[PDB]
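Below, in structure tokens: the form deposited in one PDB entry, a single chain.
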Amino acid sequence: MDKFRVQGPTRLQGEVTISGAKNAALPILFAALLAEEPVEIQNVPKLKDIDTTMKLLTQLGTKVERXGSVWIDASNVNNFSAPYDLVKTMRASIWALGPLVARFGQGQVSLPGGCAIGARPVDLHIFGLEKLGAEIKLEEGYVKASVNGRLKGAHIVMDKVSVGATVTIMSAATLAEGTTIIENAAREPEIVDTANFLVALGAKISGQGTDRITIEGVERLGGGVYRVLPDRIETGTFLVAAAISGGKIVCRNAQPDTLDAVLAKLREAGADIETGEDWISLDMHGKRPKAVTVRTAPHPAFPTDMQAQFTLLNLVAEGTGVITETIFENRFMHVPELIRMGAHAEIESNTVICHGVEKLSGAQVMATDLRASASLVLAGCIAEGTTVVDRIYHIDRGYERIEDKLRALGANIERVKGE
């Protein structure tokens, strides 16, 4: 059971290169299934889901290779089923569905448990495909989609916003006959990025990043080279790492425009920020941060994925700051952990009241959410003494070797075992 042993305090500073976004990488790999020619998917981080998708892909008949890149040649796909064995660990597996039937005429993805008493609905994908003209076949534990010929552009109004469904529907639509409109489509940068990837393969997509995405079906998708966008959340974590340690940090391979809310929020914290087209700088000038007020909300507003981090920030800044989760609930489980570190806060309903304190104290802490989990490691950094963060596999799944990046930042950190 991997644990993070952190020795603090230490001012985090210097340079950090941001990994590709796990959440743009995933949809793009599945979308690659659409490519009739070899594709170079660049800037793909090395995470477990990447490994899982690669397997799933190989299993489909696609020649799959990786490094910084993930080389994909899909023109041999002859197995149209993501088996229970492969999709078991990965929800995103569902993304195999649309590409399969849109390009091949059929696709079957396994629904682990599915109707398993607690199963995150996958209905949007299934129903989206249906609107597109796909024949659906449902039996406990699986979903089969097929179609005689091409998919049929359709007008789809989404009742629930879904990053997931948006990728499915938008992906299948690139091959369908005619035009497809997605109302209430997810607006996330990762969607814009997946759409851009498709346009790169010859697809006709517009409105990516808005509420309405329009897709004009085309003949076939080619190949090419494509760089996955940077990890916006990863970038924010690192910005925050310096913002709370009085550090100065430069984020390499970043993408400023995906962090409007986060950047403005840091300025409020008194941070000194500069940006270029591919880099972001944050400078505290040895200064402790100022308490800020935050409202997480749907993109492009303040990203809930930045919450645990800003909370931590507030917890060590000058003043009082309230962080309010407007959409999500129960997003404060990691706070008691921070309190065990000397932090002062009151969790009230969907909000956390923060009383910035001078210095944190080492402690054995733990969290399930990668973000909250990352914040703990961050805390270990600036806290007095020894901090041991348990079950860091959570972080390993979404952060590409955070310890290495942290060490180069001046952090005293050891990956240790408790088993």
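Numbering starts at 1 and follows the sequence shown. We call the rigid core whatever largest set of C-alpha positions still superposes within 1.5 Å between the two forms.
Heads up, the form deposited in another entry isn't pictured, but that's what we're talking about next.
Core-superposed comparison between this form and the one not shown: among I181, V250, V322, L263, the single residue whose C-alpha moves by 2 Å or more is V322. Once both forms are fitted on their core, the CA shift for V240 between this form and the one not shown remains under 2 Å. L370: CA moves 2 Å or more between this form and the one not shown after rigid-core fitting. Taking 2 Å as the criterion, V87 counts as shifted between this form and the one not shown: its C-alpha moves by at least this amount when the rigid core is aligned.
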